[PDB]
Amino acid sequence: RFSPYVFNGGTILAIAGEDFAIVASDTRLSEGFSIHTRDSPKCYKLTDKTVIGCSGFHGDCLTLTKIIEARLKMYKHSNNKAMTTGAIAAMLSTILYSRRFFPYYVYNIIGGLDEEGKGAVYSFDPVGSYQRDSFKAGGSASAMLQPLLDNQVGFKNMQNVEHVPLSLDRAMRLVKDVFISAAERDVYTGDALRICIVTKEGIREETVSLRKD
Amino acid sequence: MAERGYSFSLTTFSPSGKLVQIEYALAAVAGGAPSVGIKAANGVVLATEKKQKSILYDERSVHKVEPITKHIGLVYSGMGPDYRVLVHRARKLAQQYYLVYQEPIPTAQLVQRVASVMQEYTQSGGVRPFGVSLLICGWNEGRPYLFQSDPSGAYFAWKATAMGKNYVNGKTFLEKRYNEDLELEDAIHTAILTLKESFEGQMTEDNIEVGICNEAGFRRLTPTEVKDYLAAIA
Amino acid sequence: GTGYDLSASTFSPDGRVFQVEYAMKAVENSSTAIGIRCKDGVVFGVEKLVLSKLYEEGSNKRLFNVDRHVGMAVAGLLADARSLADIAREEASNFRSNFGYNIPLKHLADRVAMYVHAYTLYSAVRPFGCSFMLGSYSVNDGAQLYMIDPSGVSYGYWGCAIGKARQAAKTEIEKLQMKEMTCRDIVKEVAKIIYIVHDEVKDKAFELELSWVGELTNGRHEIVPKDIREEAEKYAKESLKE
Amino acid sequence: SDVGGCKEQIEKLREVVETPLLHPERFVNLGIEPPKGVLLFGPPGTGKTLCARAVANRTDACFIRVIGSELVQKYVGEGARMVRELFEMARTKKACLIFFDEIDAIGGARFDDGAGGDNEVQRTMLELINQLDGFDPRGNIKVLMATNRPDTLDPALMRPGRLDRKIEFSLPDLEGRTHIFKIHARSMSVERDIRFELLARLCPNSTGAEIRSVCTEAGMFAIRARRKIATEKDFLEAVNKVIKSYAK
Amino acid sequence: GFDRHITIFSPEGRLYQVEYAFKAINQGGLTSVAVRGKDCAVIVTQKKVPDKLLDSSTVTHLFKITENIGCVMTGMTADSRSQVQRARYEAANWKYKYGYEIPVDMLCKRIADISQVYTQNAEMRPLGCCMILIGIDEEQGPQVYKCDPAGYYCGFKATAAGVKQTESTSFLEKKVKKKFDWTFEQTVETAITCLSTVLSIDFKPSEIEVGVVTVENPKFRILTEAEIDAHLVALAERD
Amino acid sequence: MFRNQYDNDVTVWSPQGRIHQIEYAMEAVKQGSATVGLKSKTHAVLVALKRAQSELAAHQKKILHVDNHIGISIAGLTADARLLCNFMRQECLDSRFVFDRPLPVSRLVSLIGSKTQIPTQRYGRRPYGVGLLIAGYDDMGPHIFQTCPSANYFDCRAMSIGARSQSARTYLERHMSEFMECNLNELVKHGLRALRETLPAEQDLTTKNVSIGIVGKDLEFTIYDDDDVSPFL
Amino acid sequence: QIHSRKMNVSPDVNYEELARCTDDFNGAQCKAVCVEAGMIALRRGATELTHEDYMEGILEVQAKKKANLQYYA
Amino acid sequence: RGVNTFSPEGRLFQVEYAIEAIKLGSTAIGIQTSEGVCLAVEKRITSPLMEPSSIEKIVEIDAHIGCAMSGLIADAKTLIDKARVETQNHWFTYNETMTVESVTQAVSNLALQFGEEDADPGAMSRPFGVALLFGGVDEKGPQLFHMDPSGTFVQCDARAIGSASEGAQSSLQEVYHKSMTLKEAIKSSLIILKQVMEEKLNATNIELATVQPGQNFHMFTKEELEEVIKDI
């Protein structure tokens, strides 16, 4: 019969500061050898300095997003008080644990800022589960990019001589550099790159285009 | 509502310890056109009167004896609509239960089912019991036959009984005349006489309905056949 | 105690219940609506009493639509009429799609007739206290006008009217033509009847409301407002002042 | 003698009955005319009853007591005759109070229009209306009516242009109870070092008559005890009996 | 006993409420009559209106229940119309299930059972209507069955409806000695005549509404003016 | 008599055909707080009085944020109001999920009405005895509606609930023409004055009881609470 | 207005609001409120009848006009 | 005679009756001060063969919200089971703290189920006959609410409910102040509690508890109660 599983995911990269975060993503979305669309990110601004991205399938991605947004509205109505990141982190999991019967899935990540004046990023598995991050790349191209990303951004491996502390500017240079490189190693990366930069002033977006061939 | 209404019954215990609605139904019974039953032992005779009151009628249209089964028949005194309905439910139950099995119906079991339907209505509210009294007439083998069923929910065996208007007076007549060995033809003569004595408005071959249970159970008499007996002794 | 206000699922020494008579008193207690049917179509007109200036109409009227070919007007309580009506359009619609036809006027009536009679047999649901006037122009059958009463009675009409004024209006109506010219001409005529009716009702202002289903409307249901309403009004104002 | 929760009822009754007779000349200048009847309801012998006699003594106008039930007769037309006679006397004397004891016998219940001598009692009820609504005027004549629950009574009896003020009774506040107890404590030998109000909050809320009764019960226990002064002990006992007595 | 919010068994032997349905079953002044022949079965009714702001081309009190079966109703309008709708569904269903035609009698008996239950409920009343069934069977010939809402139904040699039934009955009996001596139309004529005597109205072409069932046809038809006037003219000639 | 009869039937009909239940319901609206509603039809304001039972308390809210473009004031008991409010929020949520449209507040109000009306039309349901002034900023502007527990839905350009509603009405009619389609400031002053008319007027104006709530062309749901009304005073 | 002519009045009187508030009154009962309003007025010490006296007066029972407070927190 | 009635007054009958039932119970006192909430109660006693050691009527809902209840005591036992669970459910879902007020709302929804009519979904024929004084500490600091049997909640800083309430509340006013010491308060509370009593002042019929931020919800022990007696 008809499929109960179709791929569509891209590639994303979430980078955590200690007072900022950026979540960057390709616009190219593909499956296999035919191209679904040459545009659209899977990173979205949930608001209030929470940025979210759901990689796996477009059909699932829109639906989760819409649905979360009502639970936040309802909550505030129920008495003035808002979900923290952590709250949201539990909320996604329950949904997934339900969906363990459902045959379509997604690999979700949430990022934002705490009131500890630093980033928190939590990442979920497609069955439920959560873990604390420092940095996460998600999607297809992730597996290849990440050790190198971990080392260049991090310096927390047992295979580097020194540390340096993050800078925003420096984080931006690294991010573009990884993506431009990713593109001639995948057909799931390409076209353009959408950067969500998260600060305590508010949420800014930057776009730069990449190669295609 | 659609499930609201009166959960408890209209009938209620009294400091009398009597049941009011039940008392009224003996009255309801009372109003009935004259009925009798004679058990001819080898045969059975049941008889009643069709009153007539409008010359405008057709055929011999509706009866007051309907066959439940091919072996048992009912006749009654009380309210007619109740009778039609009572016959339909039972008639349905008699066929279904005794086609699971291929055995033919035992008499007592029909009585047990009619009484339960009558009794559930006493137990429950919203609906009122039926206000009819029945004579269950059948034949089968060498068994006893001729049974009576009350709107009360009670049953009794009889050799002879009477219903309808002036029930007590007719029964007293019946008691004296009815004794020992008799014949199926003979039992019919007597029943007409006992009905005449209760009241005659007239008797024709269309004021009378007589049915018997004898050869192979229930058989319906021709109109001529009964008329032969009227001449045989008026 | 009469012992039958309590019920509405039983008989009385008057036959039907007191509750049902009362519902009939309440429609007459309301304002005033008329309807005139012609061979080209059918016109509806209704009088609305003005309360005060704060208020304004924008979803509460007295003219109501059914479907998108059916015209609906009522006397009685507003909120209840609206409740009957939302369901009727919906019932009509499932038909419309299912059999593939654009429902008759006559079939719609039957469906409503049955609902009201069922509520008279029970004491669960107290009846509506409305009277509903419906009709239109059917492309191949003509114009047909019906009125359904809360009394479980419904008929086909040349004119019907309801309200306090009822007896009087039917008299004037009765005076006029069977054909009654053309529909357009009727728009003016109905306005005189309402205009004159108001001298009898006058304790405060009114607003004149007219509607139509016309050959020109091509059998659709529309309101008549605009310049068209105003001319009919001028003609009444000239003729008499009452 | 039961003021405390009977307090409101006193305040109003003076204004209606006493004040017009005391200072009539004032009412005329204004151009206001006072009512003719007031209505009493709630349980009798609770001070609903006392209140009518207590003003009667203060107000100094003859208190005329008619028992409506007595007016009821074995033979027709007589009943009307009586109603009429009462009113003729009432007119002559000007300033008088007609006290109607539990008019409901020939007071309303009734609209059914007969069914067998429910007509004869109705005739009396209607005859009274004629005299009241009629050509007579009020004069200085005051009417006190006594009902159980006012509900019984018919709309004609209720209606303005005869009945206007309905004076009520009530669940007495705590402070009130104490005033009644205070009245009682002058006769009753006491030792004041304890305070009845604290007990009273704990006791069932009940009208004035039960409040005097518990006190009255209290004196007996003393008399058995062979003591001459009240005690804290007596009071505890009274509540158990009284709580039982309403419920029979 | 207590009719007030329940209905029980009484020493009355009937119910005040059942009698009240019998008593007022018409709130207008129509009267009806039905006669049976072996040539026809005819029901004669009226057409009357209060004004002419009303139509009369949809106003009727004769119903075509189905091709073979016809039904005239005496009852409250709301109740008459409901019952028809219920019947229409039950008949159709009987046709579907059995695959064979529904007997006239069979319908009367089935409907009767539905009436009866409602008589047991003290949470619902029976519909107030007397239903006269007429039809042409091929199994006994034409059949005329009247129901009453007690649960009573029976077939008659002819019957009459409206509030003056007993008065119509007296004419009927005189007639009913000889009725197999009437041919087709002459049945019709006599049928007109007995309503005209009771009601005391020599009819007019738009006041009368004869419905006939015709043997050797499965037609129930309401007659055209020319035929209706031909009869009316026919009684003039004997006056 | 038969007062108890008319309570016992929620299917009641009398000789005069009145339904007492509605009557009772109206007395319950008059028992509530004081609230006014006003609109220019480009801005809408409501002055609402929030009161406190005793000295050592602090005032309870009667302005409810139903949505970020629609809102109400309640006038009558707090407990029933909560129940209605959940139904309406969820009705707004599915509009957003499915349709992604705000949806006319006019369309919304009408739907809620039916579902209540039908249980008065049968056994059970007592009256809810809260009246509302419902405001919202929709596509064709702001609009104002009065919802009653008689399910009487009316759009008005201003209205009032609370004992001595009529007083303030008469002033609203007088000042009505002055309201025009401008000035924020003016609408509030008239409201403060108007609100004085609703009260017995022996009680002097206070900043802790009053509360001012606005929605307008570029405005959504905002509340001025306590002291916060002093800037705009 | 006719009845109030005997009575002493302060100059403004706002009858329309009152007339509307009043409901299901017979001719005597409206008259009743007026005299009554003068009685209320007597208790104040006021020598002129003003709007406020009337408002209290109608609220009183004589066609089952009543009020109660407490149904708010 | 329905109790599904709205009432001609339009003021439901059953709610009014409840206040009377309450006037029959004990006295419960709350003062919330600038820092800390205190709740004091009378758990009473009557006979010497009774163990009120067993009895209580002030319960901790959780370690940061408490409640004292007053009225038909069996109902309150039902009332708490529902609340306690609901709070706990929020910890499963977000592992986070609930506000005193959120908890109080949840329970008020459940206050309306009386009847079998169609204004309330049936389960109960009548309401809970109890008022509760709901206390807690959060980021909105120590707060106090009065849960009204009228299925509604009002906010408070000081409240007495009980038989004695009319007097008590008057007494409560003079001693209350917007700023007063917590310890000072406990002595002030003790004074009102003394006044109402007819029966002996012992630590075996009265119970104190407070919530302070520095030590969570704490129930006050006998030895502690006896010391408080000594001071006044």
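Residue numbering for chain H follows Swiss-Prot, covering 10-241 in order.
Looks like electron microscopy, 6.8 Å, at least that's what the header says.
Using N, Cα and C of the backbone, Cβ positions are placed for all residues, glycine too.
According to Swiss-Prot:
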MOD_RES   H:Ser16  phosphoserine
MOD_RES   H:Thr55  phosphothreonine
MOD_RES   H:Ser56  phosphoserine
MOD_RES   H:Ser63  phosphoserine
CARBOHYD  H:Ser198  O-linked glycosylation site
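Where Swiss-Prot records a feature, it is marked here on the structure.
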| residue | record | Cβ neighbours (10 Å) |
| --- | --- | --- |
| H:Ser16 | phosphoserine | 19 |
| H:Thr55 | phosphothreonine | 8 |
| H:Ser56 | phosphoserine | 6 |
| H:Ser63 | phosphoserine | 7 |
| H:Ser198 | O-linked glycosylation site | 24 |
Between H:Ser16 (phosphoserine) and H:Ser56 (phosphoserine), the C-alpha gap once rounded to whole angstrom: 43
Collapsed DSSP category at H:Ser198 (O-linked glycosylation site): helix
Integer Cα-Cα distance in angstrom, H:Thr55 (phosphothreonine) to H:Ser198 (O-linked glycosylation site): 22
Cβ under 8 Å to chain F, applied to modified residues H:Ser16, H:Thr55, H:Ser63: H:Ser16
Cα separation, H:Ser56 (phosphoserine) to H:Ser198 (O-linked glycosylation site) (Å, whole number): 26
Cα-Cα distance linking H:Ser63 (phosphoserine) and H:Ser56 (phosphoserine), given in Å to the nearest integer: 14
